[PDB]
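In what follows, a structure is listed as structure tokens, so that the remarks can point back to it.
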Amino acid sequence: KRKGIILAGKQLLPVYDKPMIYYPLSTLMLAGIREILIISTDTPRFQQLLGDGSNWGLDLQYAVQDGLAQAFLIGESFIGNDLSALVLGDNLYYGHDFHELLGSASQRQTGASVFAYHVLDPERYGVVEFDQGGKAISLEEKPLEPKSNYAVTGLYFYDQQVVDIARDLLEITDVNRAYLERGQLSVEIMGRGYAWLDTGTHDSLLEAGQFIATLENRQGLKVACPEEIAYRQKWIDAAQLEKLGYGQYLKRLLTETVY
Amino acid sequence: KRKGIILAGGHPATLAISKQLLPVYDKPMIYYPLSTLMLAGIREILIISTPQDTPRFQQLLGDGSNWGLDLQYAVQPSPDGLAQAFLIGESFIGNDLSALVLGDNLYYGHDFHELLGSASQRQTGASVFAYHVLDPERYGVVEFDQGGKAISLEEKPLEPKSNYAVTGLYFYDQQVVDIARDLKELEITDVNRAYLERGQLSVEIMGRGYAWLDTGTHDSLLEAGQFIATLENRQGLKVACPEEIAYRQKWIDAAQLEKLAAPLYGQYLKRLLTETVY
Amino acid sequence: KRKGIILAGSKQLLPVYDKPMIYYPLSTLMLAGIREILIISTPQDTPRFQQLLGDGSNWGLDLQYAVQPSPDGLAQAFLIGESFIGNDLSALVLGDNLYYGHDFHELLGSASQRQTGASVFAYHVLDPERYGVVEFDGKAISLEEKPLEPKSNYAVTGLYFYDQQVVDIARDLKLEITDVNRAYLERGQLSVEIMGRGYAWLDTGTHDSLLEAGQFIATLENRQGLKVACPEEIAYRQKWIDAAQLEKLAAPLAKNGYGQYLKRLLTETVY
Amino acid sequence: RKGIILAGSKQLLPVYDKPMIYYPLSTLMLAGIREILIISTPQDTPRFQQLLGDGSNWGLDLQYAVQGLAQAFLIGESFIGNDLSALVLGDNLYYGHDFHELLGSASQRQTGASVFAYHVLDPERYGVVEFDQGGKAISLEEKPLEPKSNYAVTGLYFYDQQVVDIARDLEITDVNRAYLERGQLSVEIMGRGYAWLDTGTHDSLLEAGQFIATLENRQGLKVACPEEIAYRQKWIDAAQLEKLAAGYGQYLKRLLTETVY
Ligand SMILES: CNCCCNc1c(N(C)S(=O)(=O)c2ccccc2)c(=O)[nH]c(=O)n1Cc1ccc(Br)cc1
Ligand SMILES: CNCCCNc1c(N(C)S(=O)(=O)c2ccccc2)c(=O)[nH]c(=O)n1Cc1ccc(Br)cc1
Ligand SMILES: CNCCCNc1c(N(C)S(=O)(=O)c2ccccc2)c(=O)[nH]c(=O)n1Cc1ccc(Br)cc1
Ligand SMILES: CNCCCNc1c(N(C)S(=O)(=O)c2ccccc2)c(=O)[nH]c(=O)n1Cc1ccc(Br)cc1
Ligand SMILES: [Cl-]
Ligand SMILES: [Cl-]
Ligand SMILES: [Cl-]
Ligand SMILES: [Cl-]
Ligand SMILES: [Cl-]
Ligand SMILES: [Cl-]
Ligand SMILES: [Cl-]
Ligand SMILES: [Cl-]
């Protein structure tokens, strides 16, 4: 059992054709996570949008929020004794093998898993330094002189240790460094063939919109449609999808094989 | 040995410069299919184009020895079909395995090196890629049975059997030249159907996680440009930079990259010498 | 008579969305009523423009061609085109500039109809250091070529209207267009008209701006069902070519959206 | 002249750097209108109230009412009273040189109605206006199957004291035809040099966003910033702009210390 947390501290704005929250929600769903806590300021508006999630075969809970690590304190009782995963509300991911990348991370039963991605702008993120042999040797939160161009993405997989590490503090980078110092941090490369886009500024929200529109209008498939992912995980049956351009798309999913 | 062919066929936007010489954002369109053949490990490449455009590719790309490639050039007298590439490049292909790419196609995704590697390493039959599109009527369409086996190909069908379009990327064994010779426009789809009829066609799915973009219209060239710019300005890495791929294949050494970087894109090539990229 | 010069120092043969970049500055000179135009470019690019545009008689224009041996400055255009200009009023446009807005015919008309001094356009930009910057007291008091500390955010556009003085001013320079314009300013014969924020003046000179310019034109054109800076349209509306000539020009492009567009111009009133 | 914005949520979505409602709001403000009624759904009316307030921060008087497009004159009948009126739709964006003067001219007629005709690829989606050989408007059709022209009537309407009673007796096109039938409809051409964009679909909202970003990042000026328009109309002084300003804040500060023509 692994439980999910989305921290939305903007995430109700659409990226092209659906609310921004649908991307991190879809990401946790693709990783096989069904029990998800949405932490925000906005909490009632997410409740109004997403409900308890039983329409999508999910169990959605809500909590209200001083730092990203604070999510483990707020969701401590939600996490209980289970493995956890944390996603940030303003990140979207796209690529081939993304189901498998998440699967591998979510299936480790010990330590923590994070993803390093080559960016132009590493100073804006957690930066991970590698030695000559490609081993992760240091983490720095928004460094003035980055040790590498490899930014840690807003996607984190944690074992039962995280709550107690967070308690002894609030930077997510300190949590991740505590695992690294114990030799229990897995840093997987997210290859340049994957797209990890910021949706956090006026410019990047626009770029992300154009990016999704180009893929979707080319393929005739949607990126990060939660009802599709639910259906393909077999968390909802054809009857439930039937009940649930977006409506037309869901109908098409019942009458087409997509590989 | 597998040998590569890039077919760059043929207003008023393109009256001063053929389509595959137009830039997609920051580099000439030909750099994408060129980079694709290079990523598949192909170094000996024939560029077929119009009598007018062949000299301009020669002027842009040279013999390719700067990038550790062997580039040759041939002309297509008139646009009498895509299969005509095997007739024109028959002597270039000889008795070797071959690969055909179309000049106006752009590919991007994780495991693309591995997808190409697998196809290029088969020593028999033909390998093509099926991609889910909104607009299947514009392409070769591949129909699948309940067990996911390919059962038919149709060139630009009025009523497509599926949404799975065959991409502009083709891997062929020694049979292709003789199959092409016996065809009666000469369609690549007829070549592929001849393999399918012999049970020697491998149709690999190119997953929705890969981007296969058209660069063939004013609208799609613009979309493709915005797509590459977004990735490149996010990553600080280039898509389909031939000098990078050459360097990473170890077809050129750091000394050769330095020389190529000096006169120029140039700043980017210099950065490649002083950074580990996984 | 006012004679036009397009300096394209290749970039101006690249398309902005649906037509070659040169069609924008060409259309701009045409909208200003200029029919006799000299296209100055490199020895390599001059033949390619000749191949694209011809003598221009298809569009009721008289196009001539000259070469710039090496890129020794923008003012060099008046030395190269000295004989082409002769004793006539002149206009200079740069090959990588795109203009769009309401009253652009009237803005150009007014400038082209002055029979004395020089007329330039000041446009509020985020990035003034990249251009000639004009300082105001609303009277223009100074010009600086790509200043490190700009006196204002008002950039001088790539669009210049000159009287018979320009050739002799250019002859005595040591070669910046800004020095030419300052020589007029020093004589109190420089007219600096504001190009309002309601007009779009876009750079097409980098990978990023060429893309932005492309998206900009596509959005207008697909919204309106009208083209921006289509030379055959402007020629037809100036009555430099008749319906018969437009029909002939449309026929061979019949295949595509551009031929179809020219045919539509014969059977529709557009205000 | 009193203004009505009908926003029938979509008009709270941003076009690049500001809420969509800021464009039609800025349009009424540029036309010199300070008293504006925002009509929306029972659900969205409170959200506009929360965003915009009574508008006194921007030297405006903003009122709110809840909800065909002609129904706006019935709902805002008491708001309009005996005054001239102007109606804008919540999902339309306008840009061009002389837009202050185009609006000024329309807003300054003291009789009949003024609308704007714009050449579009897609006339069937709008009110279509037909012209005779002499450029006179001879007919209006609401979303015709066979459009008589490519000239769409924009979401921008100027009305005299007659409109409430015409509406009482529900398509905006019928209201406009009633004026046309009385020979009291002025149809001004909005030239191709102006941009009139739809922000009503996923595709057009994206296009509109890219369009505004390109202009704004080129000029270092904002399109349809209400605080700027208020300041330039002298409805608020430098002191009030300073308070409101305390990238968008930085922009308002810049407006106090720069001459912009
Ligand atoms: C062929 N396997 C790869 C799946 C394609 N991958 C899918 C993606 N991606 C393109 S993704 O993976 O990059 C992604 C997922 C969530 C958010 C953002 C991106 C998607 O958006 N939706 C979808 O249904 N699948 C198929 C799918 C989903 C779940 C199951 Br279970 C099975 C299929
Ligand atoms: C093995 N790392 C994953 C590959 C990343 N893949 C790379 C891509 N891609 C994003 S791609 O593969 O999608 C692609 C390649 C050619 C044309 C179009 C797309 C690219 O453009 N350039 C590059 O150098 N590589 C690394 C690379 C190249 C060659 C070698 Br050999 C090793 C690395
Ligand atoms: C009728 N006055 C409005 C002009 C609309 N203006 C036009 C523009 N503009 C949008 S523009 O003016 O901004 C412009 C012109 C050239 C290059 C770049 C922009 C245009 O591109 N094409 C066109 O035919 N006209 C009509 C037209 C042209 C010439 C004559 Br003569 C008559 C009509
Ligand atoms: C010559 N100046 C006319 C307007 C310039 N143009 C302005 C525009 N435009 C670009 S616009 O006019 O196309 C427009 C306005 C509102 C909504 C949509 C578009 C604008 O957005 N804001 C602004 O302050 N002005 C100056 C300004 C405004 C008010 C006064 Br009063 C004075 C100056
Ligand atoms: Cl981190
Ligand atoms: Cl990769
Ligand atoms: Cl095929
Ligand atoms: Cl995939
Ligand atoms: Cl100057
Ligand atoms: Cl203006
Ligand atoms: Cl109407
Ligand atoms: Cl106009």
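Going through the structure tokens in order, the chains are called A, B, and so on, while each chain numbers its residues from 1 and the ligands are numbered from 1 in the order shown.
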
Enumerate as JSON, numbers by chain the residues belonging to chain B that approach chain C to within 12 Å, with only C-alpha atoms taken into account. {"B": [11, 12, 13, 14, 15, 16, 17, 18, 19, 21, 22, 23, 24, 25, 26, 27, 28, 217, 218, 219, 220, 221, 222, 223, 224, 225, 226, 227, 228, 229, 230, 232, 233, 265]}

Would you save the residues from that selection as a tab-separated table (two decimals), in the first residue's frame, using N, CA, C and O atoms?
chain	number	residue	atom	x	y	z
B	11	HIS	N	4.72	27.27	-50.94
B	11	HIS	CA	4.50	27.99	-52.24
B	11	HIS	C	3.42	29.06	-52.06
B	11	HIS	O	2.23	28.73	-52.08
B	12	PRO	N	3.76	30.36	-51.95
B	12	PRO	CA	5.10	30.88	-52.24
B	12	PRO	C	6.11	30.94	-51.08
B	12	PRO	O	7.19	31.44	-51.32
B	13	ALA	N	5.76	30.45	-49.88
B	13	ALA	CA	6.63	30.44	-48.68
B	13	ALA	C	7.95	29.72	-49.00
B	13	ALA	O	9.00	30.19	-48.53
B	14	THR	N	7.89	28.65	-49.81
B	14	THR	CA	9.03	27.74	-50.10
B	14	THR	C	9.59	27.98	-51.52
B	14	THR	O	10.25	27.07	-52.06
B	15	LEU	N	9.38	29.16	-52.10
B	15	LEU	CA	9.81	29.49	-53.48
B	15	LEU	C	11.33	29.77	-53.51
B	15	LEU	O	11.94	29.55	-54.57
B	16	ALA	N	11.91	30.23	-52.40
B	16	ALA	CA	13.34	30.59	-52.28
B	16	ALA	C	14.15	29.46	-51.63
B	16	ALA	O	15.40	29.49	-51.74
B	17	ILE	N	13.49	28.50	-50.98
B	17	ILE	CA	14.13	27.42	-50.19
B	17	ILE	C	13.16	26.24	-50.06
B	17	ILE	O	12.06	26.44	-49.49
B	18	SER	N	13.54	25.06	-50.56
B	18	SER	CA	12.78	23.79	-50.39
B	18	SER	C	12.51	23.53	-48.91
B	18	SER	O	13.24	24.09	-48.06
B	19	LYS	N	11.55	22.65	-48.64
B	19	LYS	CA	10.86	22.50	-47.33
B	19	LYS	C	11.83	21.94	-46.29
B	19	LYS	O	11.81	22.44	-45.15
B	21	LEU	N	14.98	22.21	-46.09
B	21	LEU	CA	16.05	23.21	-45.81
B	21	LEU	C	15.52	24.31	-44.88
B	21	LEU	O	16.35	25.06	-44.35
B	22	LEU	N	14.20	24.42	-44.71
B	22	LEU	CA	13.57	25.38	-43.76
B	22	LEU	C	13.96	24.98	-42.35
B	22	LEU	O	14.08	23.79	-42.05
B	23	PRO	N	14.17	25.95	-41.44
B	23	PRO	CA	14.48	25.61	-40.06
B	23	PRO	C	13.22	25.22	-39.27
B	23	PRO	O	12.18	25.81	-39.48
B	24	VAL	N	13.35	24.21	-38.42
B	24	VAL	CA	12.40	23.95	-37.29
B	24	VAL	C	13.05	24.59	-36.06
B	24	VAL	O	14.00	24.00	-35.52
B	25	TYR	N	12.60	25.79	-35.72
B	25	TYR	CA	13.14	26.64	-34.63
B	25	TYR	C	14.59	27.04	-34.92
B	25	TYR	O	14.80	28.16	-35.43
B	26	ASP	N	15.57	26.18	-34.61
B	26	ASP	CA	16.99	26.60	-34.46
B	26	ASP	C	17.93	25.85	-35.41
B	26	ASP	O	19.15	26.11	-35.35
B	27	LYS	N	17.43	24.96	-36.27
B	27	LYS	CA	18.28	24.17	-37.19
B	27	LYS	C	17.47	23.74	-38.40
B	27	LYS	O	16.24	23.68	-38.33
B	28	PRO	N	18.14	23.43	-39.54
B	28	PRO	CA	17.45	22.99	-40.75
B	28	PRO	C	16.67	21.70	-40.51
B	28	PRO	O	17.15	20.85	-39.80
B	217	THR	N	3.23	21.44	-43.42
B	217	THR	CA	2.34	22.60	-43.68
B	217	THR	C	2.84	23.82	-42.90
B	217	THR	O	3.71	23.65	-42.03
B	218	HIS	N	2.29	24.99	-43.20
B	218	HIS	CA	2.61	26.27	-42.51
B	218	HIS	C	2.26	26.15	-41.02
B	218	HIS	O	3.07	26.60	-40.19
B	219	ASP	N	1.11	25.55	-40.71
B	219	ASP	CA	0.58	25.39	-39.33
B	219	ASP	C	1.46	24.41	-38.54
B	219	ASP	O	1.85	24.76	-37.42
B	220	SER	N	1.75	23.24	-39.09
B	220	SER	CA	2.50	22.17	-38.38
B	220	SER	C	3.98	22.57	-38.22
B	220	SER	O	4.54	22.28	-37.14
B	221	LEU	N	4.58	23.25	-39.20
B	221	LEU	CA	5.97	23.76	-39.12
B	221	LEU	C	6.08	24.71	-37.92
B	221	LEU	O	7.10	24.67	-37.20
B	222	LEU	N	5.04	25.51	-37.70
B	222	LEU	CA	4.96	26.49	-36.59
B	222	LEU	C	4.84	25.73	-35.27
B	222	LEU	O	5.57	26.07	-34.34
B	223	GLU	N	3.93	24.76	-35.20
B	223	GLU	CA	3.67	23.91	-34.01
B	223	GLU	C	4.95	23.16	-33.63
B	223	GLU	O	5.34	23.21	-32.45
B	224	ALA	N	5.60	22.52	-34.60
B	224	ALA	CA	6.87	21.79	-34.43
B	224	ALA	C	7.94	22.73	-33.87
B	224	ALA	O	8.66	22.31	-32.93
B	225	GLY	N	8.03	23.95	-34.40
B	225	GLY	CA	8.97	24.98	-33.94
B	225	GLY	C	8.77	25.31	-32.47
B	225	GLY	O	9.77	25.32	-31.74
B	226	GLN	N	7.52	25.55	-32.07
B	226	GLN	CA	7.13	25.91	-30.68
B	226	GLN	C	7.44	24.73	-29.75
B	226	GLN	O	7.86	24.99	-28.61
B	227	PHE	N	7.25	23.51	-30.25
B	227	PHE	CA	7.45	22.23	-29.51
B	227	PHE	C	8.93	22.06	-29.17
B	227	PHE	O	9.26	21.79	-27.99
B	228	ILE	N	9.80	22.22	-30.16
B	228	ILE	CA	11.28	22.09	-29.99
B	228	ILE	C	11.79	23.22	-29.10
B	228	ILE	O	12.63	22.95	-28.22
B	229	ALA	N	11.32	24.45	-29.29
B	229	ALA	CA	11.79	25.63	-28.53
B	229	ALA	C	11.51	25.41	-27.04
B	229	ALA	O	12.41	25.69	-26.24
B	230	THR	N	10.32	24.90	-26.70
B	230	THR	CA	9.84	24.65	-25.32
B	230	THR	C	10.76	23.63	-24.62
B	230	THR	O	11.22	23.90	-23.51
B	232	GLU	N	13.89	22.68	-25.63
B	232	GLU	CA	15.30	23.14	-25.66
B	232	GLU	C	15.52	24.22	-24.60
B	232	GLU	O	16.54	24.13	-23.90
B	233	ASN	N	14.63	25.20	-24.48
B	233	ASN	CA	14.78	26.33	-23.52
B	233	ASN	C	14.53	25.82	-22.09
B	233	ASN	O	15.04	26.44	-21.14
B	265	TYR	N	24.82	27.90	-31.55
B	265	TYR	CA	25.17	26.51	-31.93
B	265	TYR	C	26.61	26.21	-31.49
B	265	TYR	O	26.82	25.16	-30.89

Produce as a short mmCIF file (atom, residue, chain, number, x, y, z; two decimals) with C-alpha atoms, in the first residue's frame the set of residues near ligand 6, where near means within 8 Å with only C-alpha atoms and all ligand atoms considered.
data_model
loop_
_atom_site.label_atom_id
_atom_site.label_comp_id
_atom_site.auth_asym_id
_atom_site.auth_seq_id
_atom_site.Cartn_x
_atom_site.Cartn_y
_atom_site.Cartn_z
CA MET A 190 14.58 11.36 -16.03
CA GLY A 191 16.02 11.33 -19.61
CA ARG A 192 15.82 14.33 -22.01
CA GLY A 193 13.23 12.21 -23.95
CA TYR A 194 10.74 12.97 -21.11
CA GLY B 109 10.93 10.52 -26.87
CA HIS B 110 12.59 8.40 -24.13
CA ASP B 111 13.98 5.01 -25.41
CA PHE B 112 14.12 6.32 -29.08
#

Give me the residues within 10 Å of residue C:263 as an MDAnalysis selection string, counting only C-alpha atoms and dropping any in the same chain fewer than 6 places off. chainID C and resid 243 246:251 253:254 257

Selected residues written out, C-alpha atoms, as a PDB file, in the first residue's frame:
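Dumped everything to again00.pdb:
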ATOM      1  CA  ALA C 243      -8.361  41.707 -62.372  1.00  0.00           C
ATOM      2  CA  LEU C 246      -4.456  38.853 -60.771  1.00  0.00           C
ATOM      3  CA  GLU C 247      -6.360  35.923 -62.464  1.00  0.00           C
ATOM      4  CA  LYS C 248      -3.135  34.958 -64.390  1.00  0.00           C
ATOM      5  CA  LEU C 249      -0.990  35.182 -61.168  1.00  0.00           C
ATOM      6  CA  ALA C 250      -3.616  33.135 -59.186  1.00  0.00           C
ATOM      7  CA  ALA C 251      -3.972  30.333 -61.841  1.00  0.00           C
ATOM      8  CA  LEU C 253      -0.896  28.703 -57.352  1.00  0.00           C
ATOM      9  CA  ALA C 254      -4.548  27.472 -57.810  1.00  0.00           C
ATOM     10  CA  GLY C 257      -4.312  28.375 -50.256  1.00  0.00           C
TER      11      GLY C 257
END

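Closest to chain C among D:21, D:30, D:152, D:236 is D:152, based on only C-alpha atoms.
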
Taking only C-alpha atoms into account, find every residue of chain A that has an atom no more than 9 Å from chain D, and write it out as a PDB file with N, CA, C and O atoms, in the first residue's frame.
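Full text of iface12.pdb as output:
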ATOM      1  N   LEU A  13      -6.315  26.496 -12.405  1.00  0.00           N
ATOM      2  CA  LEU A  13      -6.202  27.039 -13.784  1.00  0.00           C
ATOM      3  C   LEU A  13      -6.058  25.873 -14.751  1.00  0.00           C
ATOM      4  O   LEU A  13      -5.434  24.865 -14.428  1.00  0.00           O
ATOM      5  N   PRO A  14      -6.626  25.971 -15.968  1.00  0.00           N
ATOM      6  CA  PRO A  14      -6.453  24.920 -16.965  1.00  0.00           C
ATOM      7  C   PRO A  14      -5.082  25.004 -17.655  1.00  0.00           C
ATOM      8  O   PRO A  14      -4.597  26.095 -17.906  1.00  0.00           O
ATOM      9  N   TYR A  16      -4.357  24.083 -21.115  1.00  0.00           N
ATOM     10  CA  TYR A  16      -5.093  23.850 -22.385  1.00  0.00           C
ATOM     11  C   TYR A  16      -6.538  23.419 -22.096  1.00  0.00           C
ATOM     12  O   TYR A  16      -7.430  24.297 -22.150  1.00  0.00           O
ATOM     13  N   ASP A  17      -6.787  22.133 -21.808  1.00  0.00           N
ATOM     14  CA  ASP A  17      -8.155  21.544 -21.912  1.00  0.00           C
ATOM     15  C   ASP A  17      -8.643  20.953 -20.580  1.00  0.00           C
ATOM     16  O   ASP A  17      -9.771  20.423 -20.570  1.00  0.00           O
ATOM     17  N   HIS A 202       3.350  32.932 -15.865  1.00  0.00           N
ATOM     18  CA  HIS A 202       2.483  33.302 -17.011  1.00  0.00           C
ATOM     19  C   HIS A 202       3.048  32.688 -18.302  1.00  0.00           C
ATOM     20  O   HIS A 202       2.263  32.136 -19.092  1.00  0.00           O
ATOM     21  N   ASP A 203       4.368  32.785 -18.490  1.00  0.00           N
ATOM     22  CA  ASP A 203       5.088  32.313 -19.703  1.00  0.00           C
ATOM     23  C   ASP A 203       5.050  30.787 -19.786  1.00  0.00           C
ATOM     24  O   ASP A 203       4.696  30.277 -20.865  1.00  0.00           O
ATOM     25  N   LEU A 205       3.092  28.552 -18.140  1.00  0.00           N
ATOM     26  CA  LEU A 205       1.687  28.052 -18.220  1.00  0.00           C
ATOM     27  C   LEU A 205       1.232  28.079 -19.685  1.00  0.00           C
ATOM     28  O   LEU A 205       0.533  27.142 -20.123  1.00  0.00           O
ATOM     29  N   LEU A 206       1.642  29.115 -20.413  1.00  0.00           N
ATOM     30  CA  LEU A 206       1.314  29.310 -21.848  1.00  0.00           C
ATOM     31  C   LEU A 206       2.033  28.250 -22.682  1.00  0.00           C
ATOM     32  O   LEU A 206       1.384  27.630 -23.535  1.00  0.00           O
ATOM     33  N   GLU A 207       3.337  28.070 -22.439  1.00  0.00           N
ATOM     34  CA  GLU A 207       4.204  27.081 -23.129  1.00  0.00           C
ATOM     35  C   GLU A 207       3.652  25.672 -22.897  1.00  0.00           C
ATOM     36  O   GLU A 207       3.501  24.931 -23.888  1.00  0.00           O
ATOM     37  N   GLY A 209       0.603  24.823 -22.099  1.00  0.00           N
ATOM     38  CA  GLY A 209      -0.670  24.767 -22.839  1.00  0.00           C
ATOM     39  C   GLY A 209      -0.463  24.413 -24.306  1.00  0.00           C
ATOM     40  O   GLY A 209      -1.159  23.498 -24.800  1.00  0.00           O
ATOM     41  N   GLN A 210       0.468  25.109 -24.968  1.00  0.00           N
ATOM     42  CA  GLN A 210       0.803  24.919 -26.408  1.00  0.00           C
ATOM     43  C   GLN A 210       1.371  23.503 -26.606  1.00  0.00           C
ATOM     44  O   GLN A 210       1.077  22.894 -27.646  1.00  0.00           O
ATOM     45  N   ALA A 213      -1.519  20.885 -26.263  1.00  0.00           N
ATOM     46  CA  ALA A 213      -2.449  21.058 -27.405  1.00  0.00           C
ATOM     47  C   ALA A 213      -1.860  20.369 -28.642  1.00  0.00           C
ATOM     48  O   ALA A 213      -2.617  19.660 -29.329  1.00  0.00           O
TER      49      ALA A 213
END

Neighbouring residues of ligand 2 are defined here as those with any atom at most 6 Å from a ligand atom, counting only C-alpha atoms and all ligand atoms; list them as a PyMOL selection string. (chain A and resi 192-193) or (chain B and resi 32+35-36+39+107-109+112-113+239-240+244-245+248-249+278)

Within 7 Å of residue C:203 using only C-alpha atoms, minus same-chain residues under 4 positions, as a ChimeraX atom specification: /C:96-98,209

Please produce a file of those selected residues containing N, CA, C and O atoms, as a compact mmCIF listing (two decimals), in the first residue's frame.
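This went into out_30.txt:
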# COMPACT_ATOMS: atom_id res chain seq x y z
N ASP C 96 14.35 42.46 -42.13
CA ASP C 96 13.96 41.55 -41.01
C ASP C 96 12.93 42.22 -40.08
O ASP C 96 12.88 41.84 -38.89
N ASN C 97 12.14 43.17 -40.60
CA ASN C 97 11.12 43.92 -39.81
C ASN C 97 9.73 43.65 -40.40
O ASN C 97 9.58 43.63 -41.63
N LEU C 98 8.77 43.47 -39.51
CA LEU C 98 7.34 43.22 -39.79
C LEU C 98 6.50 44.29 -39.07
O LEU C 98 6.74 44.51 -37.87
N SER C 209 12.09 35.06 -32.13
CA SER C 209 11.23 36.14 -32.67
C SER C 209 10.62 35.70 -34.01
O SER C 209 9.44 36.02 -34.24

Excluding residue B:9 and residues on its chain fewer than 5 positions from it, collect all residues at most 10 Å away from it, counting only C-alpha atoms, and give them as a short mmCIF file (atom, residue, chain, number, x, y, z; two decimals) with N, CA, C and O atoms, in the first residue's frame.
data_model
loop_
_atom_site.label_atom_id
_atom_site.label_comp_id
_atom_site.auth_asym_id
_atom_site.auth_seq_id
_atom_site.Cartn_x
_atom_site.Cartn_y
_atom_site.Cartn_z
N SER B 18 13.54 25.06 -50.56
CA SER B 18 12.78 23.79 -50.39
C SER B 18 12.51 23.53 -48.91
O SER B 18 13.24 24.09 -48.06
N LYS B 19 11.55 22.65 -48.64
CA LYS B 19 10.86 22.50 -47.33
C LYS B 19 11.83 21.94 -46.29
O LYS B 19 11.81 22.44 -45.15
N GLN B 20 12.66 20.96 -46.65
CA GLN B 20 13.55 20.23 -45.70
C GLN B 20 14.81 21.07 -45.42
O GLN B 20 15.61 20.65 -44.56
N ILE B 48 18.46 11.84 -51.34
CA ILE B 48 17.73 11.95 -52.63
C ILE B 48 16.83 13.18 -52.55
O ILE B 48 16.04 13.26 -51.58
N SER B 49 16.95 14.09 -53.52
CA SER B 49 16.07 15.28 -53.67
C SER B 49 15.93 15.65 -55.15
O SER B 49 16.41 14.89 -56.01
N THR B 50 15.28 16.78 -55.42
CA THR B 50 15.02 17.34 -56.77
C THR B 50 16.35 17.81 -57.37
O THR B 50 17.30 18.07 -56.64
N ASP B 53 17.34 21.10 -55.59
CA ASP B 53 17.59 21.10 -54.12
C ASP B 53 18.83 20.27 -53.76
O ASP B 53 19.46 20.59 -52.73
N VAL B 75 19.56 12.43 -57.39
CA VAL B 75 18.40 13.27 -57.81
C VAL B 75 17.22 12.34 -58.15
O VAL B 75 17.47 11.23 -58.63
N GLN B 76 16.00 12.79 -57.87
CA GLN B 76 14.72 12.17 -58.30
C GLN B 76 14.19 13.03 -59.44
O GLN B 76 13.71 14.14 -59.20
N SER B 78 11.48 13.37 -61.14
CA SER B 78 10.11 13.85 -60.84
C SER B 78 9.49 13.06 -59.69
O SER B 78 9.85 11.90 -59.48
N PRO B 79 8.53 13.63 -58.93
CA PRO B 79 7.98 12.98 -57.73
C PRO B 79 6.99 11.84 -58.06
O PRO B 79 5.81 11.99 -57.80
N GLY B 81 6.78 8.85 -56.72
CA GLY B 81 6.48 7.98 -55.56
C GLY B 81 7.67 7.81 -54.63
O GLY B 81 8.81 8.07 -55.06
N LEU B 82 7.40 7.35 -53.40
CA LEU B 82 8.39 7.21 -52.29
C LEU B 82 9.23 5.93 -52.49
O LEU B 82 10.43 5.95 -52.13
N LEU B 102 11.70 9.94 -44.28
CA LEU B 102 11.11 11.06 -45.07
C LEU B 102 11.57 12.39 -44.46
O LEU B 102 11.67 12.49 -43.20
N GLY B 103 11.83 13.39 -45.32
CA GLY B 103 12.56 14.63 -44.99
C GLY B 103 11.78 15.60 -44.11
O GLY B 103 12.43 16.57 -43.64
N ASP B 104 10.48 15.38 -43.89
CA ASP B 104 9.55 16.35 -43.24
C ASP B 104 8.94 15.75 -41.96
O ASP B 104 7.83 16.18 -41.57
#

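The contact shell of ligand 8, defined as all polymer residues within 6 Å when only C-alpha atoms and all ligand atoms are used, comprises residues 96 and 97 of chain A; 207, 208 and 209 of chain B.
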
Give me, as a VMD selection string, the residues of stretch 1-220 of chain C that a backbone DSSP run labels strand (DSSP E). chain C and resid 2 to 7 15 to 16 19 to 20 36 to 41 62 to 67 89 to 94 97 to 100 118 to 124 132 to 136 140 to 145 154 to 156 159 to 162 190 to 194 200 to 203

List all protein, DNA and RNA residues that have an atom no more than 12 Å from any atom of ligand 7, counting only C-alpha atoms and all ligand atoms, and report them as a PyMOL selection string. chain B and resi 82-83+126-131+136-143+150+152-157+164-171+187-196+201-203

Check every protein, DNA and RNA residue against ligand 5, keep those with an atom at most 9 Å away (counting only C-alpha atoms and all ligand atoms), and present them as an MDAnalysis selection string. chainID A and resid 114 125:128 139:141 151:154 156 171:177

Identify all chain A residues at most 8 Å from chain B by counting only C-alpha atoms; ligands do not count. Present them as a PyMOL selection string. chain A and resi 94-98+117-121+189+191-195+197+207+210-211+214-215+217-221+258-259
